[PDB]
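K.L.:
Input: one structure, supplied below.
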Amino acid sequence: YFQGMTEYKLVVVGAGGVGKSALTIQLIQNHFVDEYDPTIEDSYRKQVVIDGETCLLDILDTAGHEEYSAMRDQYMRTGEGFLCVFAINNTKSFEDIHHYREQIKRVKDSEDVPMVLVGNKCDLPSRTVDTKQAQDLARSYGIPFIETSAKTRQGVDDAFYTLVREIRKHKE
Amino acid sequence: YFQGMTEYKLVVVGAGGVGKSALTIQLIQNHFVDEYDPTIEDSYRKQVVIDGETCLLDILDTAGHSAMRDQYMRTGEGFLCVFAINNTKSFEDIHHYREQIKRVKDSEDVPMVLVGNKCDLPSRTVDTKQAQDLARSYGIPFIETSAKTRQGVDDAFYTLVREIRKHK
Amino acid sequence: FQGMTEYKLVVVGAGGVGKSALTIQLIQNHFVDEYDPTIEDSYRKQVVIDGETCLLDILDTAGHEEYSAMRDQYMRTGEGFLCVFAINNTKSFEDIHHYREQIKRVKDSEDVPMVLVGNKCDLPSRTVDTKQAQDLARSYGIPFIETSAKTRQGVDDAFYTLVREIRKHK
Amino acid sequence: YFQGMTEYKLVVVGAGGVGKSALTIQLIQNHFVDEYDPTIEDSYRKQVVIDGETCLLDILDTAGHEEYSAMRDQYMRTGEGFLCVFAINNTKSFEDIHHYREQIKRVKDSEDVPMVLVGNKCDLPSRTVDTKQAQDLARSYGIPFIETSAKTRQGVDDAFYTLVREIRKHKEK
Amino acid sequence: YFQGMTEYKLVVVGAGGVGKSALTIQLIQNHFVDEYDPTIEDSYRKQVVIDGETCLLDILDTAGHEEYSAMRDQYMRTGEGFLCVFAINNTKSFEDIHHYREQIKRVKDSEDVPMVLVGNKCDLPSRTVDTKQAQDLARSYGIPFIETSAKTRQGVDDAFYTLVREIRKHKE
Amino acid sequence: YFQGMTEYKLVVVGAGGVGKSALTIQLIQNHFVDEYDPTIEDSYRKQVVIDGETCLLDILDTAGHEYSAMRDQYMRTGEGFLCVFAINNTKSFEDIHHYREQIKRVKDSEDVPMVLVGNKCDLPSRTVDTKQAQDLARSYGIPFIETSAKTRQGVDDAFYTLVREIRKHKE
Ligand SMILES: Nc1nc2c(ncn2[C@@H]2O[C@H](COP(=O)(O)OP(=O)(O)NP(=O)(O)O)[C@@H](O)[C@H]2O)c(=O)[nH]1
Ligand SMILES: Nc1nc2c(ncn2[C@@H]2O[C@H](COP(=O)(O)OP(=O)(O)NP(=O)(O)O)[C@@H](O)[C@H]2O)c(=O)[nH]1
Ligand SMILES: Nc1nc2c(ncn2[C@@H]2O[C@H](COP(=O)(O)OP(=O)(O)NP(=O)(O)O)[C@@H](O)[C@H]2O)c(=O)[nH]1
Ligand SMILES: Nc1nc2c(ncn2[C@@H]2O[C@H](COP(=O)(O)OP(=O)(O)NP(=O)(O)O)[C@@H](O)[C@H]2O)c(=O)[nH]1
Ligand SMILES: Nc1nc2c(ncn2[C@@H]2O[C@H](COP(=O)(O)OP(=O)(O)NP(=O)(O)O)[C@@H](O)[C@H]2O)c(=O)[nH]1
Ligand SMILES: Nc1nc2c(ncn2[C@@H]2O[C@H](COP(=O)(O)OP(=O)(O)NP(=O)(O)O)[C@@H](O)[C@H]2O)c(=O)[nH]1
Ligand SMILES: [Mg+2]
Ligand SMILES: [Mg+2]
Ligand SMILES: [Mg+2]
Ligand SMILES: [Mg+2]
Ligand SMILES: [Mg+2]
Ligand SMILES: [Mg+2]
């Protein structure tokens with residue numbers, strides 16, 4: 001019997017300063033955070049309707065650089081789906097993506113972990129990572145790619161909702 | 001791909017005067033209709049959330065008292081079979097509604113809920129136990145309702161949606 | 001703001017008083033006619049109470065349970081308690097004292113958010129008068145609400161009132 | 001041009017103790033008030049959907065007996081529709097209804113004022129006003145009658161929603 | 001009396017590849033479809049509140065080039081309002097608009113059919129159709145013009161809600 | 001006791017043509033108004049959820065250039081103010097200090113909930129630098145948000161941020 005809404009555990013990962021927090025806060029509060037306040041670990045909750053199903057999103061916002069690596073392994077084990085975020089004006093953040101992905105696959109001992117590749121800050125004019133390169137990378141992993149802006153809200157709901165759909169597909 | 005909410009086609013049947021319209025209008029408008037205006041055929045819609053899933057209920061309210069009857073039985077996915085707990089004849093009619101539905105749909109396992117309406121009234125002629133035994137014999141849920149007090153109204157419709165979902 | 005406020009509610013009272021039926025009416029808008037004894041079950045629902053969005057975590061307990069350290073442990077997680085009796089069952093009403101003492105013991109406090117709930121008000125076999133229950137609640141400084149899980153009278157109100165009691169305490 | 005939801009100013013009137021406040025608080029908070037705390041004047045707001053239209057209910061809960069009569073005139077002038085409440089166990093409250101209706105018509109200087117007759121406390125066993133008598137009275141005025149219980153919530157939404165429907169009919173005249 | 005929400009039958013028309021599907025999917029799923037999968041015929045539904053009225057939108061997503069022309073006439077007869085979509089980087093799609101409009105008017109035997117002119121892909125830098133020219137075209141038909149991006153979601157709700165308002169004006 | 005949702009009286013001020021109406025209509029109707037129809041006075045309402053609290057927003061849309069007793073009246077009744085300039089209109093930005101001083105004078109307070117709004121951020125012809133606006137907002141101790149009534153960038157955020165500023169002030 002139904003005891004309450006389905007819950008999804010989402011984890012947002014990626015390099016320092018790519019906009020992990022800004023994406024999450026835009027989703028939760030409809031607020032753009034202009035300041036750069038480095039994260040240690042924050043967790044958020046939101047109830048949404050996706051494809052006609054009520055969902056409770058539990059979202060873990062992670063540090064760009066995680067010092068205690070056992071803590072990183074713990075959230076990778078518990079997370080059901082991952083947003084892997086880079087910034088489209090930060091080539092290094094893009095090159096870091098494969099490390100996040102490998103870490104997740106290693107910890108979960110699986111090649112098929114729900115994930116979405118997110119190219120954030122698409123509102124900025126100084127793009128250094130081409131859409132084509134990101135799409136090719138996502139295709140090589142068999143995952144969706146979405147361009148986002150925490151500032152304009154382009155793609156924000158879509159990135160989170162797409163990840164829930166990937167989790168749902170994986171469980172079906 | 002998701003093209004919009006799930007739709008459920010529900011049909012409310014039973015003898016004249018048992019409260020089919022009053023149940024439906026209570027669900028849709030939160031209004032109790034005190035007058036008895038016999039129905040020909042009316043259809044209503046409401047979006048609800050049941051067990052975390054959004055769905056569009058299409059509800060067909062039928063006349064108590066035949067090609068038109070067959071047509072709505074064919075299109076219906078689930079049926080509320082309503083009698084009034086102060087009307088023994090309406091209860092005895094339930095067997096006929098059930099057989100008609102099974103015949104038309106060519107199925108033994110058609111989502112249905114047995115509804116004993118007007119449970120607010122003191123002059124009960126149909127025992128709860130008798131209705132429960134009948135529902136058990138059909139393998140369907142039984143619910144007592146009052147379109148006047150709203151007791152069991154949402155439950156009757158939501159239960160029927162749950163029966164459709166089980167069947168699908 | 002990291003998301004809605006959560007409230008941990010625990011439903012206690014004697015065997016058969018309608019703790020599960022009240023909870024399932026809240027969650028599913030369904031009346032359960034069958035009596036399936038509970039050990040421990042948990043439910044969740046988001047509601048709006050006094051303009052504030054709340055996530056309710058509801059723990060539905062066993063009415064017949066000997067001393068358990070494990071019982072004490074889950075009860076200690078509760079922020080507020082519905083203490084339920086049935087208005088046709090005098091012994092369930094007399095057992096309310098025991099539930100109240102248990103809650104005070106486990107929470108190690110005299111001031112625990114609670115609501116007294118007199119369930120099955122639809123039945124003709126009332127043995128506990130409204131005034132007696134109101135007097136008991138007044139003696140504890142808590143609200144009394146009469147409910148019927150069958151008609152749904154007072155169901156939302158019992159849970160929402162408990163949330164208001166928790167908010168007052170915080 | 002849409003500037004936000006339509007607002008309806010609803011006023012709840014009737015004799016002392018008939019359950020005006022209990023009805024309103026049941027609507028607003030889903031809470032039954034067992035205590036009898038006599039009202040002076042309180043205002044409540046709730047957004048609801050009625051017949052597919054979103055609207056803001058501004059509800060003025062009044063005193064049974066209003067001492068300052070200019071204050072009474074003021075809310076009757078501003079009110080767009082009125083719930084006239086009696087209690088089904090209180091014959092005097094029912095006999096008062098005609099006078100509340102006449103007071104409203106006098107203040108508004110109109111014969112066609114949106115109103116609903118509400119017979120409250122229908123959960124109680126010692127009924128002194130028969131349903132038929134209330135229905136006959138409502139029919140004589142051309143208005144809806146609804147039986148309510150602020151305790152069980154029977155008819156509560158219906159009473160308020162029906163009044164909004166009466167206001168809409170009057171406005172669409 | 002009231003038997004449940006008002007239903008509006010909306011039809012999305014225009015040249016191949018202008019973003020008819022992408023607009024509809026953005027509205028329904030808050031998802032941007034990056035791939036180009038040519039449509040035959042798809043129908044979608046959504047309940048929304050527009051100007052305080054609860055509406056059930058039935059949206060018919062059409063093919064750019066309709067081969068069976070009796071099928072085209074049938075959906076034009078049943079549709080209550082039309083989004084006529086072009087892409088602001090595709091001059092040909094803009095020059096085609098008058099053909100779609102004439103088809104609709106011919107089938108409905110009316111000069112007063114609820115319609116909105118939609119200039120889609122306004123996120124792209126390679127604009128070939130000037131806003132002023134589109135506004136002038138809309139003005140010549142007596143209909144609203146809205147610039148949209150199925151990608152950023154700019155104007156998407158507005159285009160559909162504006163069409164519902166046009167239908168309501170025609171019904172009253 | 002709870003009598004229904006909390007109401008917030010918001011007032012939108014700023015020079016003629018900066019997009020006060022367009023911002024408000026975007027919020028209320030999800031509609032971008034392309035035409036320039038000068039405002040006299042309009043009031044709008046919307047119920048929203050902000051940080052888990054249901055709020056009724058009462059929004060007063062004002063004339064760029066005002067009868068000054070009428071101006072004083074809405075400034076007295078307003079609980080919070082969006083002070084709007086257009087990022088392509090230097091003069092509208094220079095006017096901001098006058099609106100702020102008027103509000104502080106009328107409300108006889110140095111601590112009035114306000115948000116500085118740089119509107120039309122979709123346009124390419126920017127004449128007011130973000131740094132200058134941020135410095136000005138910081139000098140007043142208020143939030144700064146860039147908006148576009150056209151793209152809807154920042155629109156909800158401007159109004160919701162102002163409600164959060166009012167809530168902070170009311171404790
Ligand atoms: N223009 C623009 N700036 C953005 C966007 N997302 C984030 N930023 C900015 O980039 C900076 C870093 O954002 P932040 O969310 O803190 O990054 P983070 O990835 O959470 N960092 P950390 O790993 O240290 O926790 C902030 O100044 C923020 O305003 C975006 O989409 N567009
Ligand atoms: N007391 C009470 N009266 C009820 C209840 N349900 C319906 N009624 C009353 O019974 C009468 C008939 O109800 P109605 O809805 O019209 O019945 P129906 O089954 O739709 N009739 P038909 O088959 O002619 O369309 C009315 O006077 C109505 O108010 C109920 O639960 N309790
Ligand atoms: N008439 C009526 N029966 C009720 C009501 N609430 C519960 N019941 C019935 O009482 C029986 C026991 O209810 P239930 O919810 O299982 O009780 P419980 O308090 O959860 N029992 P346990 O402690 O063993 O888990 C069931 O048959 C149920 O239908 C009520 O308000 N009215
Ligand atoms: N049983 C029952 N009691 C009710 C009902 N409505 C109100 N009461 C009770 O009757 C008493 C008076 O109710 P209240 O709402 O204060 O009445 P009022 O009309 O607002 N009084 P006043 O005119 O002084 O403000 C309270 O004790 C209340 O609990 C009802 O439907 N059922
Ligand atoms: N950048 C951008 N691309 C868009 C936009 N809308 C659509 N596209 C892209 O344009 C292509 C065609 O879009 P699609 O929705 O299939 O077009 P259509 O009008 O439905 N095609 P058809 O008539 O064949 O069914 C896809 O690659 C899609 O991603 C938009 O607003 N911006
Ligand atoms: N590109 C763009 N144009 C905008 C934006 N906001 C407003 N405009 C345009 O600017 C013009 C003036 O907008 P309007 O809302 O009337 O300004 P106002 O500040 O309310 N004027 P007034 O003080 O006379 O009432 C209109 O043509 C409108 O479309 C925006 O964010 N971007
Ligand atoms: Mg961070
Ligand atoms: Mg009928
Ligand atoms: Mg139990
Ligand atoms: Mg009162
Ligand atoms: Mg297509
Ligand atoms: Mg203006």
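Chains: A, B, ... in order of the structure tokens. Residues: from 1 per chain. Ligands: from 1, in order shown.
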Can you pull out every residue with an atom within 12 Å of ligand 10? Use only C-alpha atoms and all ligand atoms and format it as a ChimeraX atom specification.
P.N.:
/D:11-25,33-43,60-66,85
K.L.:
I'd like the neighbourhood of residue 50 (chain C) as a ChimeraX atom specification, where a residue qualifies if any of its atoms comes within 8 Å (using only C-alpha atoms), though same-chain residues fewer than 5 positions away should be ignored.
P.N.:
/D:29 /F:2,4-5
K.L.:
When you get a sec, could you note down which chain C residues fall within 10 Å of chain F, using only C-alpha atoms, as a list in words?
P.N.:
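Written out as asked, the residues are residues 1, 2, 3, 4, 5, 48, 49, 50, 51, 52, 53 and 54 of chain C.
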K.L.:
Would you kindly return, as a PyMOL selection string, each protein, DNA or RNA residue with an atom no farther than 12 Å from any atom of residue 152 (chain A), considering only C-alpha atoms and excluding same-chain residues fewer than 4 positions away?
P.N.:
(chain A and resi 22-23+26-27+30-33+120-124+147-148+156-157) or (chain E and resi 151-154) or (chain F and resi 121-122+145-157)
K.L.:
Residues of chain F classed as strand (DSSP E or B) by DSSP on the backbone are to be reported as number ranges by chain.
P.N.:
F: 6-14, 41-50, 53-62, 80-86, 114-119, 144-146
K.L.:
Using only C-alpha atoms and all ligand atoms, which residues have at least one atom no more than 6 Å from ligand 6? Output them as a PyMOL selection string.
P.N.:
chain F and resi 15-22+33-39+63-64+119-120+122-123+148-150
K.L.:
Could you save the residues just selected, with N, CA and C atoms, as a PDB file, in the first residue's frame?
P.N.:
```
ATOM      1  N   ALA F  15      11.834  55.351 -12.791  1.00  0.00           N
ATOM      2  CA  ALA F  15      11.582  56.349 -13.887  1.00  0.00           C
ATOM      3  C   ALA F  15      10.633  55.778 -14.943  1.00  0.00           C
ATOM      4  N   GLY F  16      10.011  56.689 -15.709  1.00  0.00           N
ATOM      5  CA  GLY F  16       9.179  56.343 -16.842  1.00  0.00           C
ATOM      6  C   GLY F  16       9.891  55.435 -17.841  1.00  0.00           C
ATOM      7  N   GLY F  17       9.240  54.332 -18.227  1.00  0.00           N
ATOM      8  CA  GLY F  17       9.720  53.458 -19.290  1.00  0.00           C
ATOM      9  C   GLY F  17      10.770  52.421 -18.881  1.00  0.00           C
ATOM     10  N   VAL F  18      11.045  52.242 -17.586  1.00  0.00           N
ATOM     11  CA  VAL F  18      12.124  51.290 -17.172  1.00  0.00           C
ATOM     12  C   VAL F  18      11.582  49.852 -17.204  1.00  0.00           C
ATOM     13  N   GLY F  19      10.248  49.686 -17.223  1.00  0.00           N
ATOM     14  CA  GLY F  19       9.638  48.360 -17.281  1.00  0.00           C
ATOM     15  C   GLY F  19       8.951  47.907 -15.998  1.00  0.00           C
ATOM     16  N   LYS F  20       8.448  48.855 -15.221  1.00  0.00           N
ATOM     17  CA  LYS F  20       7.738  48.544 -13.987  1.00  0.00           C
ATOM     18  C   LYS F  20       6.510  47.674 -14.274  1.00  0.00           C
ATOM     19  N   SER F  21       5.708  48.097 -15.261  1.00  0.00           N
ATOM     20  CA  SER F  21       4.489  47.390 -15.622  1.00  0.00           C
ATOM     21  C   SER F  21       4.819  46.033 -16.241  1.00  0.00           C
ATOM     22  N   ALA F  22       5.802  46.023 -17.145  1.00  0.00           N
ATOM     23  CA  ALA F  22       6.174  44.817 -17.824  1.00  0.00           C
ATOM     24  C   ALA F  22       6.642  43.764 -16.804  1.00  0.00           C
ATOM     25  N   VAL F  33       4.617  42.385 -22.255  1.00  0.00           N
ATOM     26  CA  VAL F  33       3.934  43.468 -22.891  1.00  0.00           C
ATOM     27  C   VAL F  33       4.974  44.247 -23.711  1.00  0.00           C
ATOM     28  N   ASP F  34       4.815  44.209 -25.034  1.00  0.00           N
ATOM     29  CA  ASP F  34       5.756  44.865 -25.936  1.00  0.00           C
ATOM     30  C   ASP F  34       5.435  46.365 -26.072  1.00  0.00           C
ATOM     31  N   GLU F  35       4.162  46.715 -25.924  1.00  0.00           N
ATOM     32  CA  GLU F  35       3.726  48.104 -26.068  1.00  0.00           C
ATOM     33  C   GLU F  35       4.096  48.900 -24.801  1.00  0.00           C
ATOM     34  N   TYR F  36       4.256  50.223 -24.972  1.00  0.00           N
ATOM     35  CA  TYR F  36       4.518  51.166 -23.894  1.00  0.00           C
ATOM     36  C   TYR F  36       3.235  51.971 -23.619  1.00  0.00           C
ATOM     37  N   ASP F  37       2.457  51.514 -22.634  1.00  0.00           N
ATOM     38  CA  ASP F  37       1.241  52.165 -22.175  1.00  0.00           C
ATOM     39  C   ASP F  37       1.501  52.795 -20.807  1.00  0.00           C
ATOM     40  N   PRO F  38       1.743  54.127 -20.722  1.00  0.00           N
ATOM     41  CA  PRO F  38       2.121  54.756 -19.456  1.00  0.00           C
ATOM     42  C   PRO F  38       1.074  54.500 -18.368  1.00  0.00           C
ATOM     43  N   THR F  39       1.550  54.206 -17.154  1.00  0.00           N
ATOM     44  CA  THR F  39       0.677  53.849 -16.054  1.00  0.00           C
ATOM     45  C   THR F  39       0.228  55.115 -15.299  1.00  0.00           C
ATOM     46  N   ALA F  63       3.188  55.262 -11.508  1.00  0.00           N
ATOM     47  CA  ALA F  63       3.571  56.078 -12.673  1.00  0.00           C
ATOM     48  C   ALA F  63       5.038  56.491 -12.519  1.00  0.00           C
ATOM     49  N   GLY F  64       5.818  56.441 -13.600  1.00  0.00           N
ATOM     50  CA  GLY F  64       7.206  56.946 -13.549  1.00  0.00           C
ATOM     51  C   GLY F  64       7.295  58.356 -12.974  1.00  0.00           C
ATOM     52  N   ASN F 119      16.610  46.361 -14.778  1.00  0.00           N
ATOM     53  CA  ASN F 119      15.756  45.716 -15.739  1.00  0.00           C
ATOM     54  C   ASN F 119      16.295  45.931 -17.165  1.00  0.00           C
ATOM     55  N   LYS F 120      15.734  45.128 -18.074  1.00  0.00           N
ATOM     56  CA  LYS F 120      16.066  45.040 -19.514  1.00  0.00           C
ATOM     57  C   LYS F 120      17.469  44.446 -19.709  1.00  0.00           C
ATOM     58  N   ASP F 122      18.216  41.782 -20.955  1.00  0.00           N
ATOM     59  CA  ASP F 122      18.275  41.082 -22.233  1.00  0.00           C
ATOM     60  C   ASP F 122      18.852  41.965 -23.347  1.00  0.00           C
ATOM     61  N   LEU F 123      18.919  43.282 -23.164  1.00  0.00           N
ATOM     62  CA  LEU F 123      19.313  44.152 -24.240  1.00  0.00           C
ATOM     63  C   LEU F 123      20.823  44.232 -24.324  1.00  0.00           C
ATOM     64  N   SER F 148      14.836  40.731 -16.597  1.00  0.00           N
ATOM     65  CA  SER F 148      14.280  40.976 -17.894  1.00  0.00           C
ATOM     66  C   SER F 148      12.813  40.592 -17.879  1.00  0.00           C
ATOM     67  N   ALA F 149      11.938  41.574 -18.033  1.00  0.00           N
ATOM     68  CA  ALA F 149      10.525  41.288 -18.163  1.00  0.00           C
ATOM     69  C   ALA F 149      10.253  40.458 -19.439  1.00  0.00           C
ATOM     70  N   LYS F 150      11.170  40.480 -20.405  1.00  0.00           N
ATOM     71  CA  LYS F 150      10.995  39.794 -21.674  1.00  0.00           C
ATOM     72  C   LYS F 150      11.335  38.308 -21.523  1.00  0.00           C
TER      73      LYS F 150
END
```
K.L.:
Could you list, as a list in words, every residue within 7 Å of region 10-13 of chain C, counting only C-alpha atoms and ignoring same-chain residues fewer than 6 positions away?
P.N.:
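Near neighbours after the sequence-gap exclusion: residues 19, 58, 59, 60, 61, 63, 78, 80, 81, 82, 83, 84, 85, 96 and 99 of chain C.
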K.L.:
Based on the selection just made, write C-alpha atoms of those residues as a tab-separated table (two decimals), in the first residue's frame.
P.N.:
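That gives us selection_1.tsv:
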```tsv
chain	number	residue	atom	x	y	z
C	19	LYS	CA	-4.62	4.47	15.22
C	58	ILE	CA	4.01	9.71	11.00
C	59	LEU	CA	4.89	6.66	13.09
C	60	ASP	CA	1.97	4.27	13.67
C	61	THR	CA	2.60	2.09	16.80
C	63	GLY	CA	-1.37	-0.93	20.83
C	78	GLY	CA	8.76	11.77	18.15
C	80	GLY	CA	4.59	15.20	19.16
C	81	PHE	CA	2.16	12.47	20.08
C	82	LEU	CA	-1.49	11.67	19.33
C	83	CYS	CA	-2.83	9.78	22.31
C	84	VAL	CA	-5.83	7.89	20.97
C	85	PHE	CA	-8.66	6.14	22.80
C	96	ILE	CA	-4.25	7.16	28.28
C	99	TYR	CA	0.76	6.41	27.37
```
K.L.:
Identify every residue of chain E that has at least one atom within 6 Å of any atom of chain B, counting only C-alpha atoms, and report the result as a PyMOL selection string.
P.N.:
chain E and resi 3-4+44-46
K.L.:
Using only C-alpha atoms, find which residues of chain F lie within 7 Å of chain E and jot them down as a ChimeraX atom specification.
P.N.:
/F:29-31,151
K.L.:
Keeping only N, CA and C atoms, write the selected residues to a file as an mmCIF file, in the first residue's frame.
P.N.:
```
data_model
loop_
_atom_site.group_PDB
_atom_site.id
_atom_site.type_symbol
_atom_site.label_atom_id
_atom_site.label_comp_id
_atom_site.auth_asym_id
_atom_site.auth_seq_id
_atom_site.Cartn_x
_atom_site.Cartn_y
_atom_site.Cartn_z
ATOM 1 N N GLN F 29 0.774 37.453 -15.179
ATOM 2 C CA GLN F 29 0.122 36.821 -16.338
ATOM 3 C C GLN F 29 1.065 35.954 -17.174
ATOM 4 N N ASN F 30 2.360 35.898 -16.836
ATOM 5 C CA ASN F 30 3.347 35.206 -17.650
ATOM 6 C C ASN F 30 3.332 35.755 -19.073
ATOM 7 N N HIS F 31 3.127 37.071 -19.209
ATOM 8 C CA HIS F 31 2.968 37.742 -20.460
ATOM 9 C C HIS F 31 3.941 38.910 -20.549
ATOM 10 N N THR F 151 12.521 37.997 -21.012
ATOM 11 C CA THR F 151 12.924 36.620 -20.867
ATOM 12 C C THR F 151 12.437 36.010 -19.552
#
```
K.L.:
Which residues, written as a list in words, have at least one atom at most 10 Å from residue 115 (chain F), with only C-alpha atoms counted and residues fewer than 5 positions away on the same chain left out?
P.N.:
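Once the nearby chain positions are removed, what remains is residues 12, 80, 81, 82, 83, 84, 137, 140, 141, 142, 143, 144, 145, 158, 159, 161, 162, 163 and 165 of chain F.
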K.L.:
Using only C-alpha atoms and all ligand atoms, what are the residues with an atom within 9 Å of ligand 11, set out as a list in words?
P.N.:
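Here is the list of contacting residues: residues 16, 17, 18, 19, 20, 21, 22, 24, 36, 37, 38, 39, 40, 41, 42, 61, 62, 63 and 64 of chain E.
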K.L.:
Could you work out which residues of chain B fall inside 9 Å of chain C? Count only C-alpha atoms, and format the result as a ChimeraX atom specification.
P.N.:
/B:50-51,143,149-152,154-156,158-159
K.L.:
For the selection you just gave me, I'd like the residues written to a file as a compact mmCIF listing (two decimals), in the first residue's frame, keeping N, CA, C and O atoms.
P.N.:
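The resulting file, result00.txt, is reproduced below:
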```
# COMPACT_ATOMS: atom_id res chain seq x y z
N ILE B 50 -3.98 10.51 -6.57
CA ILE B 50 -4.28 9.31 -5.82
C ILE B 50 -3.00 8.51 -5.73
O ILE B 50 -2.43 8.18 -6.76
N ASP B 51 -2.56 8.22 -4.50
CA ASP B 51 -1.35 7.46 -4.23
C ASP B 51 -0.16 8.08 -5.02
O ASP B 51 0.64 7.38 -5.61
N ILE B 143 -18.16 -0.07 -0.04
CA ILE B 143 -18.06 1.15 0.72
C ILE B 143 -19.46 1.72 0.95
O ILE B 143 -20.22 1.81 0.00
N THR B 149 -23.61 13.91 3.65
CA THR B 149 -22.57 14.21 4.58
C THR B 149 -21.18 14.18 3.94
O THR B 149 -20.20 14.58 4.58
N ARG B 150 -21.07 13.58 2.74
CA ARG B 150 -19.81 13.38 2.01
C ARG B 150 -19.02 12.19 2.57
O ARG B 150 -17.96 11.85 2.03
N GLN B 151 -19.55 11.48 3.58
CA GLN B 151 -18.89 10.28 4.05
C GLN B 151 -18.68 9.34 2.85
O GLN B 151 -19.59 9.05 2.11
N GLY B 152 -17.44 8.88 2.70
CA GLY B 152 -17.03 7.85 1.81
C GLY B 152 -17.03 8.25 0.32
O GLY B 152 -16.69 7.44 -0.50
N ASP B 154 -15.14 10.53 -1.68
CA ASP B 154 -13.82 10.47 -2.28
C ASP B 154 -13.32 9.01 -2.26
O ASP B 154 -12.74 8.54 -3.24
N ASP B 155 -13.52 8.34 -1.12
CA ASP B 155 -13.03 6.97 -0.95
C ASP B 155 -13.62 6.05 -2.05
O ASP B 155 -12.90 5.19 -2.60
N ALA B 156 -14.91 6.18 -2.35
CA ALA B 156 -15.53 5.31 -3.36
C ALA B 156 -14.86 5.48 -4.72
O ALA B 156 -14.52 4.49 -5.39
N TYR B 158 -11.87 6.94 -5.35
CA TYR B 158 -10.41 6.64 -5.30
C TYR B 158 -10.18 5.14 -5.28
O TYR B 158 -9.24 4.64 -5.90
N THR B 159 -11.00 4.44 -4.50
CA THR B 159 -10.97 2.96 -4.46
C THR B 159 -11.16 2.37 -5.87
O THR B 159 -10.45 1.46 -6.27
```
K.L.:
Check the DSSP output for the backbone and give back, as a PyMOL selection string, the residues of chain F in helix (DSSP H, G or I).
P.N.:
chain F and resi 20-29+68-77+90-107+130-140+155-170
K.L.:
Output the contact residues of chain E with respect to chain D at a cut-off of 12 Å, based on only C-alpha atoms, as a PyMOL selection string.
P.N.:
chain E and resi 1-7+47-56+165+169
K.L.:
Please identify every residue of chain C that has at least one atom no more than 12 Å from any atom of chain D, counting only C-alpha atoms, and report them as number ranges by chain.
P.N.:
C: 48-52, 121-122, 130-131, 134, 143-162, 164
K.L.:
Given a cut-off of 6 Å, what residues near ligand 8 show up using only C-alpha atoms and all ligand atoms, put as a count of residues only?
P.N.:
5
K.L.:
Write out as a ChimeraX atom specification each polymer residue (protein, DNA or RNA) that has an atom no more than 8 Å from ligand 9, with only C-alpha atoms and all ligand atoms counted.
P.N.:
/C:15-16,18-21,35-39,60-63
K.L.:
Which polymer residues have any atom within 7 Å of an atom of region 103-109 of chain A, counting only C-alpha atoms, with same-chain residues fewer than 5 positions away left out, as a VMD selection string?
P.N.:
chain A and resid 73 76 to 77
K.L.:
Kindly save the residues from that selection, with N, CA and C atoms included, as an mmCIF file, in the first residue's frame.
P.N.:
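Result went into part-v2.cif, see below:
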```cif
data_model
loop_
_atom_site.group_PDB
_atom_site.id
_atom_site.type_symbol
_atom_site.label_atom_id
_atom_site.label_comp_id
_atom_site.auth_asym_id
_atom_site.auth_seq_id
_atom_site.Cartn_x
_atom_site.Cartn_y
_atom_site.Cartn_z
ATOM 1 N N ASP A 73 33.022 8.900 -0.796
ATOM 2 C CA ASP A 73 32.581 7.541 -1.089
ATOM 3 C C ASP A 73 31.193 7.287 -0.479
ATOM 4 N N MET A 76 28.463 8.934 -2.560
ATOM 5 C CA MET A 76 28.365 8.229 -3.814
ATOM 6 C C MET A 76 27.639 6.893 -3.655
ATOM 7 N N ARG A 77 27.831 6.230 -2.523
ATOM 8 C CA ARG A 77 27.164 4.946 -2.270
ATOM 9 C C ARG A 77 25.658 5.195 -2.090
#
```
K.L.:
Write out as an MDAnalysis selection string each polymer residue whose atoms come within 12 Å of residue 137 (chain E), counting only C-alpha atoms; drop sequence neighbours fewer than 5 positions from it.
P.N.:
chainID E and resid 84 94:98 101 116:119 129:132 142:146
